[PDB]
>>> print(open('target04.cif').read())   # mmCIF, C-alpha atoms and all ligand atoms
data_my_file
loop_
_atom_site.label_atom_id
_atom_site.label_comp_id
_atom_site.auth_asym_id
_atom_site.auth_seq_id
_atom_site.Cartn_x
_atom_site.Cartn_y
_atom_site.Cartn_z
CA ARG W 5 -12.47 8.21 20.22
CA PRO W 6 -10.52 5.40 21.94
CA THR W 7 -9.26 5.53 25.51
CA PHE W 8 -5.52 6.18 25.76
CA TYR W 9 -3.13 5.40 28.61
CA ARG W 10 0.29 6.81 29.42
CA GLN W 11 3.54 5.06 30.24
CA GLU W 12 7.29 5.67 30.18
CA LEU W 13 9.66 3.43 28.22
CA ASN W 14 13.37 4.18 28.60
CA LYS W 15 12.83 7.77 29.72
CA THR W 16 10.31 8.06 26.85
CA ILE W 17 6.62 8.89 27.34
CA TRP W 18 4.12 6.82 25.33
CA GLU W 19 0.40 7.53 25.12
CA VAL W 20 -1.49 4.94 23.06
CA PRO W 21 -5.01 3.42 22.85
CA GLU W 22 -5.71 0.58 25.33
CA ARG W 23 -6.08 -1.57 22.24
CA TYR W 24 -2.29 -1.88 22.09
CA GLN W 25 -0.94 -3.69 25.15
CA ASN W 26 2.40 -4.93 26.51
CA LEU W 27 4.58 -2.26 24.86
CA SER W 28 8.20 -3.30 24.47
CA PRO W 29 11.11 -1.15 23.19
CA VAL W 30 12.80 -2.45 20.03
CA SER W 37 11.77 5.35 18.77
CA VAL W 38 9.86 2.14 18.04
CA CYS W 39 7.88 -0.22 20.27
CA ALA W 40 6.62 -3.75 19.75
CA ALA W 41 3.13 -4.29 21.12
CA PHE W 42 0.20 -6.67 21.23
CA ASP W 43 -2.84 -5.48 19.30
CA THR W 44 -5.84 -6.80 21.25
CA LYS W 45 -8.18 -6.20 18.30
CA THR W 46 -6.49 -8.98 16.30
CA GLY W 47 -4.21 -10.92 18.64
CA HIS W 48 -1.28 -10.03 16.38
CA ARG W 49 1.95 -8.33 17.38
CA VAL W 50 2.54 -4.89 15.84
CA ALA W 51 5.32 -2.30 15.66
CA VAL W 52 4.52 1.18 16.92
CA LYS W 53 6.73 4.03 15.73
CA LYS W 54 6.53 7.34 17.53
CA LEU W 55 7.91 10.26 15.53
CA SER W 56 10.58 12.27 17.38
CA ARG W 57 9.77 15.99 17.24
CA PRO W 58 7.60 15.93 14.06
CA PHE W 59 7.01 19.68 13.90
CA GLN W 60 10.11 21.08 15.62
CA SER W 61 11.23 22.66 12.32
CA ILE W 62 9.83 23.09 8.80
CA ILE W 63 12.22 20.34 7.71
CA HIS W 64 10.85 17.95 10.36
CA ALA W 65 7.24 18.94 9.69
CA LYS W 66 7.51 18.26 5.97
CA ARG W 67 9.38 15.01 6.65
CA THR W 68 6.60 13.97 9.02
CA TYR W 69 4.00 14.74 6.36
CA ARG W 70 6.12 13.00 3.72
CA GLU W 71 6.24 9.76 5.72
CA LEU W 72 2.56 9.74 6.64
CA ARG W 73 1.47 10.33 3.05
CA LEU W 74 3.89 7.74 1.67
CA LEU W 75 2.99 5.20 4.34
CA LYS W 76 -0.73 5.85 3.81
CA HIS W 77 -0.30 5.05 0.14
CA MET W 78 1.85 1.90 0.41
CA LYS W 79 -0.31 -1.19 -0.15
CA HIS W 80 1.93 -4.04 -1.27
CA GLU W 81 2.82 -7.42 0.27
CA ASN W 82 6.53 -6.65 0.09
CA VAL W 83 6.37 -3.07 1.42
CA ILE W 84 5.67 -1.83 4.93
CA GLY W 85 2.02 -0.79 5.14
CA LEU W 86 0.13 1.40 7.60
CA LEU W 87 -2.09 -0.56 9.97
CA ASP W 88 -3.01 2.44 12.11
CA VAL W 89 -2.05 6.03 12.85
CA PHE W 90 -3.10 8.04 15.90
CA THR W 91 -2.41 10.90 18.28
CA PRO W 92 -3.59 11.52 21.85
CA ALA W 93 -4.46 15.11 20.89
CA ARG W 94 -8.19 15.80 20.78
CA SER W 95 -7.72 18.79 18.44
CA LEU W 96 -5.32 20.56 16.06
CA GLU W 97 -4.57 23.03 18.86
CA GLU W 98 -2.92 20.38 21.03
CA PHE W 99 -1.80 18.13 18.16
CA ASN W 100 1.92 17.49 18.76
CA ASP W 101 2.59 13.75 18.45
CA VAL W 102 2.20 11.14 15.72
CA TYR W 103 2.12 7.38 16.17
CA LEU W 104 2.28 4.98 13.23
CA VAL W 105 1.52 1.23 13.35
CA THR W 106 2.54 -1.75 11.16
CA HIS W 107 2.72 -5.56 11.56
CA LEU W 108 5.60 -6.70 13.74
CA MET W 109 8.20 -8.68 11.77
CA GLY W 110 10.45 -11.49 12.96
CA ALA W 111 13.85 -10.02 12.10
CA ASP W 112 16.08 -8.14 9.66
CA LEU W 113 17.92 -9.70 6.76
CA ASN W 114 20.96 -8.97 8.91
CA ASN W 115 19.93 -11.21 11.82
CA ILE W 116 19.27 -13.98 9.28
CA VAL W 117 22.64 -14.18 7.49
CA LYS W 118 24.66 -14.33 10.71
CA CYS W 119 23.77 -18.03 10.92
CA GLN W 120 24.83 -19.68 7.65
CA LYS W 121 25.07 -19.16 3.89
CA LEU W 122 21.58 -19.41 2.44
CA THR W 123 20.64 -21.85 -0.30
CA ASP W 124 20.50 -20.48 -3.83
CA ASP W 125 16.78 -21.17 -3.68
CA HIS W 126 16.54 -19.09 -0.52
CA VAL W 127 18.38 -16.24 -2.22
CA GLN W 128 16.11 -16.44 -5.28
CA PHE W 129 13.03 -16.01 -3.11
CA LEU W 130 14.37 -13.18 -0.94
CA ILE W 131 15.76 -11.16 -3.84
CA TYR W 132 12.60 -11.83 -5.84
CA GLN W 133 10.53 -10.26 -3.05
CA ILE W 134 12.81 -7.21 -2.78
CA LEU W 135 12.48 -6.62 -6.50
CA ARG W 136 8.74 -7.18 -6.39
CA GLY W 137 8.46 -4.58 -3.66
CA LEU W 138 10.88 -2.20 -5.36
CA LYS W 139 8.93 -2.42 -8.65
CA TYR W 140 5.91 -1.24 -6.71
CA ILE W 141 7.63 1.63 -4.91
CA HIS W 142 9.31 2.72 -8.15
CA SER W 143 5.98 2.72 -10.00
CA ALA W 144 4.87 5.44 -7.55
CA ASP W 145 7.81 7.61 -8.57
CA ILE W 146 9.56 6.92 -5.30
CA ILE W 147 13.21 6.05 -4.71
CA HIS W 148 14.34 4.28 -1.54
CA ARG W 149 17.95 5.51 -1.47
CA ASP W 150 18.84 3.50 1.60
CA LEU W 151 18.30 -0.15 0.69
CA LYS W 152 20.29 -2.49 2.94
CA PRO W 153 19.82 -5.63 5.09
CA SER W 154 18.78 -3.71 8.21
CA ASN W 155 15.87 -2.24 6.20
CA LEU W 156 14.55 -5.65 5.20
CA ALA W 157 12.05 -7.45 7.44
CA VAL W 158 11.52 -11.20 6.99
CA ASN W 159 9.14 -13.58 8.79
CA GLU W 160 9.11 -17.28 9.73
CA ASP W 161 7.80 -17.96 6.24
CA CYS W 162 10.73 -16.18 4.59
CA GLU W 163 8.35 -13.47 3.39
CA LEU W 164 9.98 -10.08 2.99
CA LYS W 165 8.92 -6.46 3.52
CA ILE W 166 10.89 -3.31 2.68
CA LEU W 167 10.97 -0.42 5.12
CA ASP W 168 13.06 2.59 6.14
CA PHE W 169 14.35 3.32 9.66
CA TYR W 170 14.17 7.09 9.19
CA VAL W 183 23.83 -2.33 8.53
CA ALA W 184 26.10 0.19 6.71
CA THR W 185 24.10 2.39 4.32
CA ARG W 186 27.23 3.21 2.31
CA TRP W 187 28.27 -0.41 1.71
CA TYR W 188 25.08 -0.81 -0.35
CA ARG W 189 25.20 2.74 -1.68
CA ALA W 190 25.31 3.46 -5.41
CA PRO W 191 28.55 5.16 -6.58
CA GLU W 192 26.79 8.10 -8.26
CA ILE W 193 25.36 9.00 -4.82
CA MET W 194 28.72 8.99 -3.04
CA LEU W 195 30.18 11.07 -5.89
CA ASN W 196 27.29 13.49 -5.44
CA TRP W 197 26.24 13.45 -9.11
CA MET W 198 22.74 14.61 -8.03
CA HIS W 199 20.37 13.32 -10.76
CA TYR W 200 19.96 9.87 -9.30
CA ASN W 201 17.71 7.44 -11.11
CA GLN W 202 15.69 4.62 -9.56
CA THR W 203 18.28 1.94 -10.35
CA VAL W 204 20.18 3.43 -7.45
CA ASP W 205 18.11 0.89 -5.46
CA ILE W 206 18.96 -1.82 -7.99
CA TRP W 207 22.62 -1.30 -7.15
CA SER W 208 21.87 -1.77 -3.47
CA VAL W 209 19.95 -4.99 -4.31
CA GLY W 210 23.00 -6.19 -6.21
CA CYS W 211 25.22 -5.67 -3.18
CA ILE W 212 22.65 -7.37 -0.98
CA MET W 213 22.28 -10.41 -3.24
CA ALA W 214 26.08 -10.68 -3.51
CA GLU W 215 26.32 -10.78 0.28
CA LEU W 216 23.62 -13.46 0.53
CA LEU W 217 25.45 -15.66 -1.95
CA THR W 218 29.05 -15.20 -0.80
CA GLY W 219 28.45 -14.69 2.89
CA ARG W 220 30.46 -11.46 2.85
CA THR W 221 30.00 -7.73 2.25
CA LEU W 222 30.84 -7.07 -1.41
CA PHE W 223 32.27 -3.57 -0.87
CA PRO W 224 33.47 -3.27 2.78
CA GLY W 225 34.96 0.21 2.63
CA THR W 226 36.03 2.52 5.43
CA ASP W 227 35.35 6.03 4.17
CA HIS W 228 33.38 6.58 0.96
CA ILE W 229 36.67 7.14 -0.95
CA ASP W 230 37.72 3.62 0.01
CA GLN W 231 34.20 2.49 -0.97
CA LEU W 232 34.48 4.06 -4.43
CA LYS W 233 37.92 2.54 -4.95
CA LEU W 234 36.70 -0.95 -4.07
CA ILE W 235 33.72 -0.48 -6.41
CA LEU W 236 35.61 0.78 -9.47
CA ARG W 237 38.21 -1.95 -9.16
CA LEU W 238 35.34 -4.38 -9.64
CA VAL W 239 32.95 -2.78 -12.16
CA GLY W 240 35.80 -1.06 -13.98
CA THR W 241 36.98 2.43 -14.94
CA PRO W 242 34.18 4.64 -16.31
CA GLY W 243 33.82 4.09 -20.03
CA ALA W 244 33.65 6.62 -22.84
CA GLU W 245 29.86 6.32 -23.07
CA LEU W 246 29.38 7.16 -19.37
CA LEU W 247 32.14 9.76 -19.32
CA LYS W 248 30.23 11.91 -21.82
CA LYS W 249 27.27 12.36 -19.49
CA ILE W 250 29.36 13.99 -16.76
CA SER W 251 29.16 17.79 -17.06
CA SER W 252 31.67 18.65 -14.34
CA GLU W 253 35.30 18.29 -15.43
CA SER W 254 36.62 17.92 -11.90
CA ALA W 255 34.06 15.16 -11.39
CA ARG W 256 35.02 13.55 -14.67
CA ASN W 257 38.68 13.52 -13.57
CA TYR W 258 37.89 12.47 -10.02
CA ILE W 259 36.15 9.20 -11.00
CA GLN W 260 39.17 8.37 -13.16
CA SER W 261 41.61 9.03 -10.32
CA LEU W 262 39.58 6.64 -8.16
CA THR W 263 39.86 3.85 -10.73
CA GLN W 264 43.62 3.34 -10.41
CA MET W 265 43.60 0.07 -8.49
CA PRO W 266 44.43 -3.37 -10.03
CA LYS W 267 41.13 -4.37 -11.63
CA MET W 268 39.16 -7.48 -10.63
CA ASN W 269 36.53 -9.59 -12.42
CA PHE W 270 33.04 -10.82 -11.55
CA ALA W 271 33.29 -14.54 -12.28
CA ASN W 272 36.11 -14.61 -9.74
CA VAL W 273 34.26 -12.85 -6.92
CA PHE W 274 31.20 -15.10 -7.32
CA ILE W 275 32.78 -18.43 -8.22
CA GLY W 276 30.55 -21.36 -7.35
CA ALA W 277 27.30 -19.41 -7.50
CA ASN W 278 24.50 -20.23 -9.94
CA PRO W 279 25.56 -18.85 -13.36
CA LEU W 280 22.10 -17.27 -13.68
CA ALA W 281 22.78 -15.52 -10.39
CA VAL W 282 26.13 -14.04 -11.48
CA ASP W 283 24.54 -12.97 -14.76
CA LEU W 284 21.87 -10.99 -12.92
CA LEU W 285 24.51 -9.45 -10.65
CA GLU W 286 26.42 -8.30 -13.69
CA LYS W 287 23.19 -6.59 -14.75
CA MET W 288 22.55 -4.86 -11.42
CA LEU W 289 26.15 -3.92 -10.57
CA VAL W 290 26.74 -1.68 -13.55
CA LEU W 291 28.55 1.62 -13.05
CA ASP W 292 26.36 3.53 -15.54
CA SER W 293 22.93 3.79 -13.87
CA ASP W 294 21.28 4.30 -17.26
CA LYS W 295 22.36 0.76 -18.14
CA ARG W 296 21.27 -1.05 -14.95
CA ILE W 297 18.40 -3.50 -15.23
CA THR W 298 15.16 -2.27 -13.61
CA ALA W 299 13.07 -4.05 -10.98
CA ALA W 300 10.49 -4.93 -13.62
CA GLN W 301 13.05 -6.30 -16.07
CA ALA W 302 14.91 -8.09 -13.29
CA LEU W 303 11.76 -9.88 -12.11
CA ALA W 304 11.57 -11.41 -15.61
CA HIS W 305 15.17 -12.68 -15.45
CA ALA W 306 15.51 -16.47 -15.78
CA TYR W 307 17.10 -16.54 -12.34
CA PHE W 308 13.55 -16.03 -11.05
CA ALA W 309 11.72 -18.34 -13.47
CA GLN W 310 10.49 -20.25 -10.42
CA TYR W 311 8.64 -17.33 -8.80
CA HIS W 312 8.00 -14.83 -11.59
CA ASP W 313 4.31 -14.21 -12.33
CA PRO W 314 3.44 -11.27 -14.64
CA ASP W 315 -0.05 -11.19 -13.13
CA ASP W 316 0.94 -10.93 -9.48
CA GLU W 317 3.62 -8.23 -9.58
CA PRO W 318 1.43 -5.11 -9.06
CA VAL W 319 2.22 -1.45 -9.55
CA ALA W 320 0.84 1.41 -7.46
CA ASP W 321 -2.02 3.85 -7.91
CA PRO W 322 -0.87 7.28 -9.08
CA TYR W 323 0.79 8.92 -6.08
CA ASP W 324 0.27 12.63 -5.49
CA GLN W 325 3.46 14.15 -4.14
CA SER W 326 2.99 17.65 -5.52
CA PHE W 327 3.63 18.71 -1.92
CA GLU W 328 7.35 18.01 -2.41
CA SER W 329 7.72 21.13 -4.54
CA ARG W 330 6.14 23.23 -1.80
CA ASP W 331 7.63 25.66 0.70
CA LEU W 332 5.16 26.14 3.54
CA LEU W 333 5.15 27.31 7.16
CA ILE W 334 5.41 24.74 9.95
CA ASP W 335 1.79 25.28 10.95
CA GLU W 336 0.69 24.57 7.38
CA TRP W 337 2.61 21.29 7.31
CA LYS W 338 1.20 20.50 10.75
CA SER W 339 -2.39 21.07 9.67
CA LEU W 340 -1.96 18.99 6.50
CA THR W 341 -0.46 16.22 8.59
CA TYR W 342 -3.31 16.48 11.10
CA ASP W 343 -5.80 16.13 8.22
CA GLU W 344 -4.08 12.90 7.19
CA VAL W 345 -4.28 11.50 10.69
CA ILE W 346 -8.02 12.00 11.08
CA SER W 347 -8.73 10.96 7.49
CA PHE W 348 -7.13 7.56 8.03
CA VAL W 349 -9.28 4.52 7.41
CA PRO W 350 -7.75 1.12 8.24
CA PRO W 351 -7.76 -1.61 5.57
CA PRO W 352 -9.89 -4.81 5.86
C1 LIG Z 1 11.38 6.97 6.84
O1 LIG Z 1 10.10 7.01 6.19
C2 LIG Z 1 9.93 6.05 5.18
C3 LIG Z 1 9.24 4.84 5.48
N1 LIG Z 1 8.79 4.70 6.79
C4 LIG Z 1 9.17 3.65 7.56
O2 LIG Z 1 9.90 2.77 7.09
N2 LIG Z 1 8.72 3.64 8.86
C5 LIG Z 1 8.87 2.58 9.76
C6 LIG Z 1 10.11 1.84 9.81
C7 LIG Z 1 10.31 0.76 10.68
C8 LIG Z 1 9.30 0.32 11.58
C9 LIG Z 1 9.70 -0.87 12.42
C10 LIG Z 1 10.70 -0.79 13.44
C11 LIG Z 1 11.06 -1.94 14.20
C12 LIG Z 1 10.38 -3.16 13.89
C13 LIG Z 1 10.72 -4.43 14.64
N3 LIG Z 1 12.03 -4.97 14.25
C14 LIG Z 1 11.82 -5.85 13.06
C15 LIG Z 1 13.12 -6.64 12.71
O3 LIG Z 1 13.57 -7.36 13.87
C16 LIG Z 1 13.87 -6.49 14.99
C17 LIG Z 1 12.60 -5.72 15.41
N4 LIG Z 1 9.43 -3.20 12.91
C18 LIG Z 1 9.07 -2.13 12.17
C19 LIG Z 1 8.01 1.02 11.62
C20 LIG Z 1 6.92 0.65 12.51
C21 LIG Z 1 5.68 1.37 12.49
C22 LIG Z 1 5.49 2.47 11.58
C23 LIG Z 1 6.54 2.87 10.68
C24 LIG Z 1 7.80 2.18 10.67
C25 LIG Z 1 9.05 3.85 4.44
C26 LIG Z 1 9.58 4.09 3.10
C27 LIG Z 1 9.39 3.03 1.98
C28 LIG Z 1 7.89 2.73 1.75
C29 LIG Z 1 9.98 3.47 0.60
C30 LIG Z 1 10.14 1.75 2.40
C31 LIG Z 1 10.26 5.32 2.85
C32 LIG Z 1 10.44 6.29 3.87
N5 LIG Z 1 11.10 7.44 3.58
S1 LIG Z 1 10.33 8.88 3.42
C33 LIG Z 1 8.55 8.77 3.40
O4 LIG Z 1 10.71 9.61 4.59
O5 LIG Z 1 10.76 9.37 2.15
#
>>> encode(input="target04.cif", output="structure tokens")
Amino acid sequence: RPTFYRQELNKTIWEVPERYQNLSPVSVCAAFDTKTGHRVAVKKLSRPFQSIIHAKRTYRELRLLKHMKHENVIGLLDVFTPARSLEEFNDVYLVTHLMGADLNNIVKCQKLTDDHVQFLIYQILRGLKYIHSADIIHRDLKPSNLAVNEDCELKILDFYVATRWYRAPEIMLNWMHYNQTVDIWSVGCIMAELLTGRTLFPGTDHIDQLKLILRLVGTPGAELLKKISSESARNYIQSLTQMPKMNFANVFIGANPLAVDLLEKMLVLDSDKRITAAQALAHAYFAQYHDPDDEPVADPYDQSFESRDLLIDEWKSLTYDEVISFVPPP
């Protein structure tokens, strides 16, 4: 067992191994990992076991993070707790490599080259293909959840920019039966923003969001309309598509034609018709980076726990097991 030390950061108590030094708030903390000389990000979970909902969420994140092993996806470098036993186990600390900045603090400087956009979007899709192959959906893809380094290398993460502006319409209409391309829609909005410099759908409330969206991708067609069980929902989406339509070409004039073609494939109202991460990676827009032999999928992920209703203490023990069973990668 390592030797921990306490400290208070912004009225917040932090107890971590001496290994991590110079903690700095960024709850998350940036630190210097003495074992490697590299800067890392340390995330302390709020009140992990305060409720059954928190407990399961805590477990959910540890398991998922313990399984993520992809260049373009946040990975777990270390996980610890000051508690010497399950009895006193009450805090969880997770560690990952510290990244330079968000995709938000990188667009507030100047419009990126089309080549720069190709590379960034390619990495998002490469990461997304991986996460999707583990039967996992992000649901909150946006610039603030994208970490990029000095080498323009990207990693996808989730902080527990406007979510809604990158949110898929079927989610704001509460159609509950979301498919993975819900993330592809977000990617489309992101890519649009990187190419034009501006937020594609800058809505106030979600209603305004929906309206802006439908005026661009068009009124729901017959084919999509038949898959909507609810009649009030069927009518509602139609009521929201009463604004003077707009076209793609127009909104992305100037951009690489390959780029606008891909956007027309991501920004499709009917989620069943959106291109997938895998297909997208093979799009000619990415001819320059695409490699069928270096776009890995994930090992089968066991999330049978999701369909479980257990007591807090059960979730807490399972989580504790995961903490002690952690073995750092090479
Ligand atoms: C919320 O839990 C999830 C996490 N966890 C997660 O993202 N956790 C973390 C998110 C963010 C930082 C972080 C914070 C700040 C900085 C430093 N910033 C970098 C940018 O510049 C400013 C400073 N760097 C990293 C972390 C650091 C250490 C450990 C975990 C961290 C990841 C994922 C995907 C694999 C699908 C993406 C899904 C969920 N969802 S789930 C399992 O619940 O379903």
>>> closest_residue(input="target04.cif", among="W:306, W:93, W:151, W:297", to="residue 6 of chain W", atoms="all atoms listed in the file")
W:93
>>> residues_around(input="target04.cif", residues="segment 130-139 of chain W", least_positions_apart="6", cutoff="9 Å", atoms="only C-alpha atoms", output="VMD selection string")
chain W and resid 80 to 83 147 to 148 156 158 162 to 166 205 to 206 209 212 to 213 298 to 300 302 to 303 308 311 to 312 317 to 319
>>> residues_near_ligand(input="target04.cif", ligand="ligand LIG 1 (chain Z)", cutoff="8 Å", atoms="all atoms listed in the file", output="PDB file with C-alpha atoms, in the coordinates of the input")
ATOM      1  CA  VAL W  30      12.800  -2.450  20.030  1.00  0.00           C
ATOM      2  CA  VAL W  38       9.860   2.140  18.040  1.00  0.00           C
ATOM      3  CA  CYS W  39       7.880  -0.220  20.270  1.00  0.00           C
ATOM      4  CA  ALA W  40       6.620  -3.750  19.750  1.00  0.00           C
ATOM      5  CA  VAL W  50       2.540  -4.890  15.840  1.00  0.00           C
ATOM      6  CA  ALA W  51       5.320  -2.300  15.660  1.00  0.00           C
ATOM      7  CA  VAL W  52       4.520   1.180  16.920  1.00  0.00           C
ATOM      8  CA  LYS W  53       6.730   4.030  15.730  1.00  0.00           C
ATOM      9  CA  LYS W  54       6.530   7.340  17.530  1.00  0.00           C
ATOM     10  CA  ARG W  67       9.380  15.010   6.650  1.00  0.00           C
ATOM     11  CA  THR W  68       6.600  13.970   9.020  1.00  0.00           C
ATOM     12  CA  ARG W  70       6.120  13.000   3.720  1.00  0.00           C
ATOM     13  CA  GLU W  71       6.240   9.760   5.720  1.00  0.00           C
ATOM     14  CA  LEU W  72       2.560   9.740   6.640  1.00  0.00           C
ATOM     15  CA  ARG W  73       1.470  10.330   3.050  1.00  0.00           C
ATOM     16  CA  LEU W  74       3.890   7.740   1.670  1.00  0.00           C
ATOM     17  CA  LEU W  75       2.990   5.200   4.340  1.00  0.00           C
ATOM     18  CA  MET W  78       1.850   1.900   0.410  1.00  0.00           C
ATOM     19  CA  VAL W  83       6.370  -3.070   1.420  1.00  0.00           C
ATOM     20  CA  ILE W  84       5.670  -1.830   4.930  1.00  0.00           C
ATOM     21  CA  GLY W  85       2.020  -0.790   5.140  1.00  0.00           C
ATOM     22  CA  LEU W  86       0.130   1.400   7.600  1.00  0.00           C
ATOM     23  CA  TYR W 103       2.120   7.380  16.170  1.00  0.00           C
ATOM     24  CA  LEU W 104       2.280   4.980  13.230  1.00  0.00           C
ATOM     25  CA  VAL W 105       1.520   1.230  13.350  1.00  0.00           C
ATOM     26  CA  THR W 106       2.540  -1.750  11.160  1.00  0.00           C
ATOM     27  CA  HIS W 107       2.720  -5.560  11.560  1.00  0.00           C
ATOM     28  CA  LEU W 108       5.600  -6.700  13.740  1.00  0.00           C
ATOM     29  CA  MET W 109       8.200  -8.680  11.770  1.00  0.00           C
ATOM     30  CA  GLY W 110      10.450 -11.490  12.960  1.00  0.00           C
ATOM     31  CA  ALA W 111      13.850 -10.020  12.100  1.00  0.00           C
ATOM     32  CA  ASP W 112      16.080  -8.140   9.660  1.00  0.00           C
ATOM     33  CA  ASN W 115      19.930 -11.210  11.820  1.00  0.00           C
ATOM     34  CA  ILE W 141       7.630   1.630  -4.910  1.00  0.00           C
ATOM     35  CA  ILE W 146       9.560   6.920  -5.300  1.00  0.00           C
ATOM     36  CA  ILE W 147      13.210   6.050  -4.710  1.00  0.00           C
ATOM     37  CA  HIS W 148      14.340   4.280  -1.540  1.00  0.00           C
ATOM     38  CA  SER W 154      18.780  -3.710   8.210  1.00  0.00           C
ATOM     39  CA  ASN W 155      15.870  -2.240   6.200  1.00  0.00           C
ATOM     40  CA  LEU W 156      14.550  -5.650   5.200  1.00  0.00           C
ATOM     41  CA  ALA W 157      12.050  -7.450   7.440  1.00  0.00           C
ATOM     42  CA  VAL W 158      11.520 -11.200   6.990  1.00  0.00           C
ATOM     43  CA  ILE W 166      10.890  -3.310   2.680  1.00  0.00           C
ATOM     44  CA  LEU W 167      10.970  -0.420   5.120  1.00  0.00           C
ATOM     45  CA  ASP W 168      13.060   2.590   6.140  1.00  0.00           C
ATOM     46  CA  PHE W 169      14.350   3.320   9.660  1.00  0.00           C
ATOM     47  CA  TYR W 170      14.170   7.090   9.190  1.00  0.00           C
TER      48      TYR W 170
END
>>> residues_around(input="target04.cif", residues="residue 344 of chain W", least_positions_apart="2", cutoff="9 Å", atoms="all atoms listed in the file", output="list in words")
residues 69, 72, 73, 76, 339, 340, 341, 342, 346, 347 and 348 of chain W
>>> atom_distance(input="target04.cif", atom1="atom CA of residue 240 of chain W", atom2="atom CA of residue 199 of chain W")
21.3 Å
>>> atom_distance(input="target04.cif", atom1="atom CA of residue 66 of chain W", atom2="atom CA of residue 142 of chain W")
21.1 Å
>>> residues_near_point(input="target04.cif", point="(21.4, 5.6, -10.0)", cutoff="9 Å", atoms="all atoms listed in the file", output="PyMOL selection string")
chain W and resi 190-193+199-207+291-294+296
>>> write_last_selection(input="target04.cif", atoms="C-alpha atoms", output="mmCIF file, keeping the file's coordinate frame")
data_model
loop_
_atom_site.group_PDB
_atom_site.id
_atom_site.type_symbol
_atom_site.label_atom_id
_atom_site.label_comp_id
_atom_site.auth_asym_id
_atom_site.auth_seq_id
_atom_site.Cartn_x
_atom_site.Cartn_y
_atom_site.Cartn_z
ATOM 1 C CA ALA W 190 25.310 3.460 -5.410
ATOM 2 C CA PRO W 191 28.550 5.160 -6.580
ATOM 3 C CA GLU W 192 26.790 8.100 -8.260
ATOM 4 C CA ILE W 193 25.360 9.000 -4.820
ATOM 5 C CA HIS W 199 20.370 13.320 -10.760
ATOM 6 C CA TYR W 200 19.960 9.870 -9.300
ATOM 7 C CA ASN W 201 17.710 7.440 -11.110
ATOM 8 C CA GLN W 202 15.690 4.620 -9.560
ATOM 9 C CA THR W 203 18.280 1.940 -10.350
ATOM 10 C CA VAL W 204 20.180 3.430 -7.450
ATOM 11 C CA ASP W 205 18.110 0.890 -5.460
ATOM 12 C CA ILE W 206 18.960 -1.820 -7.990
ATOM 13 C CA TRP W 207 22.620 -1.300 -7.150
ATOM 14 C CA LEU W 291 28.550 1.620 -13.050
ATOM 15 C CA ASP W 292 26.360 3.530 -15.540
ATOM 16 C CA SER W 293 22.930 3.790 -13.870
ATOM 17 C CA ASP W 294 21.280 4.300 -17.260
ATOM 18 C CA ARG W 296 21.270 -1.050 -14.950
#
>>> residues_near_point(input="target04.cif", point="(2.8, 6.1, 30.7)", cutoff="12 Å", atoms="only C-alpha atoms", output="ChimeraX atom specification")
/W:8-22,25-27
>>> write_last_selection(input="target04.cif", atoms="C-alpha atoms", output="compact mmCIF listing (two decimals), keeping the file's coordinate frame")
# COMPACT_ATOMS: atom_id res chain seq x y z
CA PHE W 8 -5.52 6.18 25.76
CA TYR W 9 -3.13 5.40 28.61
CA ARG W 10 0.29 6.81 29.42
CA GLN W 11 3.54 5.06 30.24
CA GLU W 12 7.29 5.67 30.18
CA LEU W 13 9.66 3.43 28.22
CA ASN W 14 13.37 4.18 28.60
CA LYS W 15 12.83 7.77 29.72
CA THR W 16 10.31 8.06 26.85
CA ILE W 17 6.62 8.89 27.34
CA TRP W 18 4.12 6.82 25.33
CA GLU W 19 0.40 7.53 25.12
CA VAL W 20 -1.49 4.94 23.06
CA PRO W 21 -5.01 3.42 22.85
CA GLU W 22 -5.71 0.58 25.33
CA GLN W 25 -0.94 -3.69 25.15
CA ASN W 26 2.40 -4.93 26.51
CA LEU W 27 4.58 -2.26 24.86
>>> closest_residue(input="target04.cif", among="W:24, W:216, W:327, W:274", to="residue 117 of chain W", atoms="all atoms listed in the file")
W:216
>>> atom_distance(input="target04.cif", atom1="atom CA of residue 243 of chain W", atom2="atom CA of residue 288 of chain W")
16.8 Å
>>> residues_around(input="target04.cif", residues="residue 244 of chain W", least_positions_apart="4", cutoff="12 Å", atoms="all atoms listed in the file", output="ChimeraX atom specification")
/W:240,248-250,256,260,292
>>> closest_residue(input="target04.cif", among="W:218, W:261, W:310, W:231", to="residue 123 of chain W", atoms="all atoms listed in the file")
W:218
>>> closest_residue(input="target04.cif", among="W:285, W:290, W:64, W:345", to="residue 92 of chain W", atoms="only C-alpha atoms")
W:345
